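Undergrad: One structure coming up, written as structure tokens, with questions to follow.
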Amino acid sequence: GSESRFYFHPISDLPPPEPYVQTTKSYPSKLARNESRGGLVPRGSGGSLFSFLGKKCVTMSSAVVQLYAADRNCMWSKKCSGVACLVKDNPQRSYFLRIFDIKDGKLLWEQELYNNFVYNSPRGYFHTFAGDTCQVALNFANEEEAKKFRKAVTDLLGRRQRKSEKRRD
């Protein structure tokens with residue numbers, strides 16, 4: 001079901017993993033407010049003075065999910081199960097995706113978002129997410145709640161921060 005008794009199994013019905021074939025994307029966070037300027041012959045310079053960046057990290061969306069991470073080219077392994085939160089960290093001007101364990105609440109998994117992220121959705125209670133050169137995935141009983149953070153992350157990223165929506169309804 002959706003609540004009370006909801007299943008994450010089976011891994012066998014979930015789509016197989018894949019090595020990251022996409023070129024590793026850049027993290028906007030590392031720059032915050034800076035761009036890769038060129039030299040003499042190749043000279044790209046954007047600049048664009050963003051006036052005062054940062055307030056706090058705003059949580060954007062939260063859903064109960066189980067976290068998979070793919071080993072080399074083809075194995076989904078359980079690293080954590082719990083609840084997920086999509087966070088917009090405006091001080092760093094980036095976004096953070098954080099998975100927090102339901103049992104501990106420790107939060108031991110983060111993924112720092114890129115500036116050109118497209119979301120991968122097989123959709124079978126299962127989403128696939130891209131890392132540095134590793135593949136990570138989200139597994140959940142509710143695609144509805146899943147679409148919400150999945151859409152929000154990818155949509156907001158494309159719109160650029162015009163939302164500080166804390167929770168989905």
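Just remember, in the structure tokens the first chain shown is A, the second B, etc., residues are 1-based per chain, and ligands are 1-based in the order shown.
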Identify, with DSSP run on backbone atoms, the residues in stretch 36-92 of chain A assigned to strand (DSSP E or B), and express the list as a PyMOL selection string.

TA: chain A and resi 57-71+75-89

Undergrad: I'd like the neighbourhood of residue A:110 as a list in words, where a residue qualifies if any of its atoms comes within 10 Å (using only C-alpha atoms), though same-chain residues fewer than 2 positions away should be ignored.

TA: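 Contacts, with the query itself left out: residues 84, 85, 86, 96, 97, 98, 99, 100, 107, 108, 112 and 113 of chain A.
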
Undergrad: Tell me which protein, DNA and RNA residues are within 10 Å of residue A:127, counting only C-alpha atoms, leaving out same-chain ones fewer than 3 positions away, and put them as a tab-separated table (two decimals) with N, CA, C and O atoms, in the first residue's frame.

TA:
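Below is the file that was written, out.tsv:
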chain	number	residue	atom	x	y	z
A	14	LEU	N	13.10	-4.54	-10.14
A	14	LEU	CA	13.64	-3.22	-10.40
A	14	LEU	C	14.62	-3.30	-11.57
A	14	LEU	O	15.29	-4.34	-11.75
A	15	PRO	N	14.71	-2.25	-12.40
A	15	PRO	CA	15.64	-2.21	-13.54
A	15	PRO	C	17.12	-2.32	-13.10
A	15	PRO	O	17.51	-1.79	-12.05
A	67	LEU	N	17.60	3.81	-0.31
A	67	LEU	CA	18.68	4.23	-1.15
A	67	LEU	C	19.50	3.06	-1.67
A	67	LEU	O	19.96	2.19	-0.90
A	68	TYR	N	19.66	3.05	-2.97
A	68	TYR	CA	20.51	2.11	-3.64
A	68	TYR	C	21.69	2.82	-4.23
A	68	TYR	O	21.61	3.98	-4.63
A	119	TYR	N	16.58	14.38	-14.73
A	119	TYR	CA	16.27	13.29	-13.86
A	119	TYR	C	16.00	12.02	-14.68
A	119	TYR	O	15.40	12.10	-15.76
A	120	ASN	N	16.43	10.86	-14.19
A	120	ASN	CA	16.22	9.63	-14.89
A	120	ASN	C	15.14	8.84	-14.17
A	120	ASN	O	15.29	8.49	-12.99
A	121	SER	N	14.05	8.60	-14.83
A	121	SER	CA	12.97	7.92	-14.20
A	121	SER	C	12.50	6.70	-14.99
A	121	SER	O	11.81	6.83	-16.01
A	122	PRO	N	12.93	5.50	-14.57
A	122	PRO	CA	12.42	4.26	-15.14
A	122	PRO	C	10.95	4.14	-14.80
A	122	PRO	O	10.11	3.88	-15.66
A	123	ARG	N	10.66	4.40	-13.51
A	123	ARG	CA	9.37	4.43	-12.96
A	123	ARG	C	8.80	3.06	-12.87
A	123	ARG	O	8.20	2.52	-13.81
A	124	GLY	N	9.04	2.52	-11.76
A	124	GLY	CA	8.63	1.23	-11.40
A	124	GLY	C	8.91	1.11	-9.97
A	124	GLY	O	9.46	0.10	-9.51
A	136	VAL	N	23.45	5.96	-8.62
A	136	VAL	CA	22.72	5.83	-7.39
A	136	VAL	C	21.25	5.78	-7.72
A	136	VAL	O	20.86	6.23	-8.79
A	137	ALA	N	20.45	5.22	-6.89
A	137	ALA	CA	19.04	5.10	-7.20
A	137	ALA	C	18.17	5.22	-5.99
A	137	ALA	O	18.61	4.98	-4.86
A	138	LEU	N	16.92	5.57	-6.23
A	138	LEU	CA	15.97	5.68	-5.16
A	138	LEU	C	14.88	4.66	-5.37
A	138	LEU	O	14.38	4.49	-6.49
A	139	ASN	N	14.52	4.00	-4.32
A	139	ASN	CA	13.47	3.00	-4.33
A	139	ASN	C	12.45	3.35	-3.29
A	139	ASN	O	12.80	3.75	-2.20
A	140	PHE	N	11.22	3.24	-3.63
A	140	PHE	CA	10.13	3.70	-2.80
A	140	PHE	C	8.85	3.00	-3.15
A	140	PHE	O	8.75	2.38	-4.19
A	143	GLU	N	5.38	6.28	-6.10
A	143	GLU	CA	5.84	7.06	-7.26
A	143	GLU	C	5.29	8.48	-7.22
A	143	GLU	O	5.90	9.38	-7.75
A	146	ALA	N	7.38	10.50	-5.18
A	146	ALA	CA	8.61	10.41	-5.88
A	146	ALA	C	8.66	11.40	-6.99
A	146	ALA	O	9.66	12.10	-7.12
A	147	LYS	N	7.59	11.48	-7.77
A	147	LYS	CA	7.49	12.45	-8.85
A	147	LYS	C	7.67	13.83	-8.31
A	147	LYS	O	8.26	14.65	-8.95
A	150	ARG	N	11.30	14.49	-7.54
A	150	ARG	CA	11.93	14.25	-8.83
A	150	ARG	C	11.65	15.36	-9.82
A	150	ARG	O	12.51	15.72	-10.63

Undergrad: Within 6 Å of residue A:91, counting only C-alpha atoms, which residues qualify if same-chain residues fewer than 5 places away don't, as a list in words?

TA: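 Residues near the query, excluding close chain neighbours: residues 53, 54 and 55 of chain A.
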
Undergrad: Counting only C-alpha atoms, which of A:141, A:114, A:23, A:30 gets nearest to residue A:66?

TA: A:141

Undergrad: With only C-alpha atoms as the counted atoms, please give the residues lying no more than 12 Å from residue A:19, apart from itself and same-chain residues fewer than 2 positions off, as a ChimeraX atom specification.

TA: /A:16-17,21-24,69-76,128-136

Undergrad: Take the residues just selected and output them with C-alpha atoms as a compact mmCIF listing (two decimals), in the first residue's frame.

TA:
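Okay, this is what ended up in selection_32.txt:
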# COMPACT_ATOMS: atom_id res chain seq x y z
CA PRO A 16 19.38 -3.21 -13.59
CA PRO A 17 22.10 -0.58 -13.03
CA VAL A 21 28.35 6.93 -19.42
CA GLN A 22 27.59 10.60 -19.16
CA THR A 23 30.47 12.98 -18.79
CA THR A 24 30.90 13.91 -15.14
CA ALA A 69 23.94 2.60 -4.95
CA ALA A 70 25.36 0.72 -7.83
CA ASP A 71 28.57 -1.14 -7.65
CA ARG A 72 30.87 -0.79 -10.69
CA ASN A 73 28.66 -1.52 -13.69
CA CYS A 74 25.83 -3.70 -12.50
CA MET A 75 24.92 -4.20 -8.83
CA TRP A 76 22.35 -2.38 -6.73
CA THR A 128 17.80 6.36 -11.10
CA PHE A 129 20.07 9.16 -10.19
CA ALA A 130 23.45 10.22 -11.47
CA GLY A 131 26.59 10.72 -9.42
CA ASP A 132 30.26 11.57 -10.22
CA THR A 133 30.88 8.40 -12.14
CA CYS A 134 28.69 6.18 -10.00
CA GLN A 135 25.05 5.42 -10.34
CA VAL A 136 22.72 5.83 -7.39

Undergrad: One decimal, Å: what's the distance from atom CA of residue A:65 over to atom CA of residue A:118, could you say?

TA: 19.6 Å

Undergrad: Which residues are close to residue A:95, i.e. within 10 Å by only C-alpha atoms, leaving aside same-chain residues fewer than 3 positions away? Reply as a PyMOL selection string.

TA: chain A and resi 27-29+57-60+86-92+98+111-115+153+157+161

Undergrad: So, with only C-alpha atoms as the atoms that count, which of A:46, A:40, A:10, A:64 lies closest to residue A:142?

TA: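 Among the listed residues, A:64 lies closest to residue A:142.
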
Undergrad: List every residue of chain A that DSSP, applied to the backbone of this structure, places in alpha helix (DSSP H), and write the result as a PyMOL selection string.

TA: chain A and resi 143-159

Undergrad: Would you mind exporting the chosen residues as a PDB file, in the first residue's frame, restricted to N, CA, C and O atoms?

TA:
ATOM      1  N   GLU A 143       5.382   6.279  -6.103  1.00  0.00           N
ATOM      2  CA  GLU A 143       5.837   7.057  -7.260  1.00  0.00           C
ATOM      3  C   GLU A 143       5.291   8.478  -7.224  1.00  0.00           C
ATOM      4  O   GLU A 143       5.900   9.382  -7.751  1.00  0.00           O
ATOM      5  N   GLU A 144       4.133   8.662  -6.603  1.00  0.00           N
ATOM      6  CA  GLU A 144       3.495   9.966  -6.537  1.00  0.00           C
ATOM      7  C   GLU A 144       4.378  10.955  -5.790  1.00  0.00           C
ATOM      8  O   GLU A 144       4.720  11.998  -6.311  1.00  0.00           O
ATOM      9  N   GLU A 145       4.787  10.581  -4.601  1.00  0.00           N
ATOM     10  CA  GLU A 145       5.695  11.389  -3.774  1.00  0.00           C
ATOM     11  C   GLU A 145       7.053  11.510  -4.429  1.00  0.00           C
ATOM     12  O   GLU A 145       7.769  12.511  -4.267  1.00  0.00           O
ATOM     13  N   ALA A 146       7.380  10.498  -5.178  1.00  0.00           N
ATOM     14  CA  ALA A 146       8.609  10.405  -5.883  1.00  0.00           C
ATOM     15  C   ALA A 146       8.662  11.400  -6.986  1.00  0.00           C
ATOM     16  O   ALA A 146       9.659  12.099  -7.124  1.00  0.00           O
ATOM     17  N   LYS A 147       7.590  11.478  -7.773  1.00  0.00           N
ATOM     18  CA  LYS A 147       7.488  12.447  -8.851  1.00  0.00           C
ATOM     19  C   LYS A 147       7.668  13.828  -8.313  1.00  0.00           C
ATOM     20  O   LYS A 147       8.261  14.649  -8.948  1.00  0.00           O
ATOM     21  N   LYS A 148       7.181  14.051  -7.114  1.00  0.00           N
ATOM     22  CA  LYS A 148       7.190  15.372  -6.525  1.00  0.00           C
ATOM     23  C   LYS A 148       8.604  15.881  -6.320  1.00  0.00           C
ATOM     24  O   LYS A 148       8.947  16.953  -6.822  1.00  0.00           O
ATOM     25  N   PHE A 149       9.455  15.094  -5.648  1.00  0.00           N
ATOM     26  CA  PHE A 149      10.830  15.551  -5.436  1.00  0.00           C
ATOM     27  C   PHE A 149      11.621  15.483  -6.737  1.00  0.00           C
ATOM     28  O   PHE A 149      12.472  16.318  -7.006  1.00  0.00           O
ATOM     29  N   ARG A 150      11.301  14.491  -7.545  1.00  0.00           N
ATOM     30  CA  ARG A 150      11.928  14.250  -8.834  1.00  0.00           C
ATOM     31  C   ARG A 150      11.653  15.363  -9.820  1.00  0.00           C
ATOM     32  O   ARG A 150      12.510  15.716 -10.631  1.00  0.00           O
ATOM     33  N   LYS A 151      10.492  15.880  -9.775  1.00  0.00           N
ATOM     34  CA  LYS A 151      10.105  16.935 -10.665  1.00  0.00           C
ATOM     35  C   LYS A 151      10.665  18.200 -10.125  1.00  0.00           C
ATOM     36  O   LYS A 151      11.297  18.931 -10.840  1.00  0.00           O
ATOM     37  N   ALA A 152      10.462  18.415  -8.838  1.00  0.00           N
ATOM     38  CA  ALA A 152      10.940  19.616  -8.170  1.00  0.00           C
ATOM     39  C   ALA A 152      12.429  19.821  -8.368  1.00  0.00           C
ATOM     40  O   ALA A 152      12.846  20.906  -8.729  1.00  0.00           O
ATOM     41  N   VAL A 153      13.224  18.769  -8.177  1.00  0.00           N
ATOM     42  CA  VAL A 153      14.671  18.908  -8.296  1.00  0.00           C
ATOM     43  C   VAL A 153      15.070  19.319  -9.722  1.00  0.00           C
ATOM     44  O   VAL A 153      15.785  20.289  -9.922  1.00  0.00           O
ATOM     45  N   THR A 154      14.568  18.601 -10.687  1.00  0.00           N
ATOM     46  CA  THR A 154      14.889  18.821 -12.061  1.00  0.00           C
ATOM     47  C   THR A 154      14.232  20.103 -12.649  1.00  0.00           C
ATOM     48  O   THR A 154      14.833  20.798 -13.487  1.00  0.00           O
ATOM     49  N   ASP A 155      13.044  20.431 -12.172  1.00  0.00           N
ATOM     50  CA  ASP A 155      12.296  21.593 -12.666  1.00  0.00           C
ATOM     51  C   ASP A 155      12.866  22.876 -12.110  1.00  0.00           C
ATOM     52  O   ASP A 155      13.143  23.818 -12.855  1.00  0.00           O
ATOM     53  N   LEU A 156      13.058  22.894 -10.794  1.00  0.00           N
ATOM     54  CA  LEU A 156      13.566  24.070 -10.085  1.00  0.00           C
ATOM     55  C   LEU A 156      14.956  24.395 -10.586  1.00  0.00           C
ATOM     56  O   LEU A 156      15.296  25.552 -10.779  1.00  0.00           O
ATOM     57  N   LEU A 157      15.739  23.363 -10.823  1.00  0.00           N
ATOM     58  CA  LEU A 157      17.088  23.515 -11.332  1.00  0.00           C
ATOM     59  C   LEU A 157      17.057  24.249 -12.687  1.00  0.00           C
ATOM     60  O   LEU A 157      17.895  25.111 -12.955  1.00  0.00           O
ATOM     61  N   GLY A 158      16.067  23.923 -13.505  1.00  0.00           N
ATOM     62  CA  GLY A 158      15.922  24.555 -14.797  1.00  0.00           C
ATOM     63  C   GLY A 158      15.347  25.965 -14.708  1.00  0.00           C
ATOM     64  O   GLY A 158      15.678  26.831 -15.526  1.00  0.00           O
ATOM     65  N   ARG A 159      14.474  26.199 -13.725  1.00  0.00           N
ATOM     66  CA  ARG A 159      13.856  27.523 -13.547  1.00  0.00           C
ATOM     67  C   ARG A 159      14.796  28.479 -12.860  1.00  0.00           C
ATOM     68  O   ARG A 159      14.663  29.702 -13.020  1.00  0.00           O
TER      69      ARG A 159
END

Undergrad: When you draw a straight line from atom CA of residue A:109 to atom CA of residue A:79, how long is it in Å?

TA: 8.9 Å

Undergrad: How many Å lie between atom CA of residue A:164 and atom CA of residue A:56, rounded to one decimal?

TA: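 Rounded to one decimal, the two atoms are 10.4 Å apart.
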